[PDB]
């Protein structure tokens, strides 16, 4: 329950999705409660416990295909357990029962599916990956046309708290003039709207229906872990699969 978030979007018939919160786990501070990350310094046994709880809570049909996220733009087509490499920041699936998933703690998680409910995908979009084109790459994996793809922006660090240096603004500006609107001067730095930037890049590829984007992992401390708030902390995850 409090451990799970159900994306609010015109979800087509044969698709299911969910996102986790820091609530309902067994981990101790700084990972207090539902930490799903096995690589942030938490007790490995606690992480296993939290994953089993969340998987059952979200009714996952199978274990998620965790990726070796490297803040890049590579997408993994989930064709079968035996993979040659899981080094990617997004995954795509058209097979019922296969669970796509991305791990975050401030970075933007994006879930995708077509209106026909036959293809799904999940993308890990920290600022670097987003700037590089992870969302664009994920969209291209779909056989369906972009206009028929809907997307949900998951809980990430919001525009009221996402402070970044000028080099971040420069990186986005060098690739899209409109990215200028997503940065508000904050002293020598800028407050960045990661949701606005995601909507811009998605719109560039032809995606029209984008949902979610109502949260702030930094501010809602009682609900989400935040790397920016607490350098050493837990991790949440967003999942999507064809039923």
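Positions refer to the first chain, counted from 1.
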Assert higher mean C-alpha B factor (169 to 177 or 71 to 79, deposited values) equals 71 to 79
Taking the mean of the C-alpha B-factors per stretch from the entry, tell me the winner out of 214 to 222 and 193 to 201. 214 to 222
In this PDB entry, which of 146, 154, 133, 159 has the top CA B-factor? 146
Sorting the chain's modelled residues by C-alpha B-factor, tell me whether residue 26 ends up in the lowest, middle or highest third. lowest
Relative to the other modelled residues in the chain, which third contains the C-alpha temperature factor of residue 20: lowest, middle or highest? lowest
Where does residue 84 sit by CA temperature factor within its chain: lowest, middle or highest third? highest
Where does the C-alpha B-factor of residue 65 rank in its chain, lowest, middle or highest third? highest
Select lowest, middle or highest to describe the third in which the CA B-factor of residue 59 falls within its chain in this entry. highest
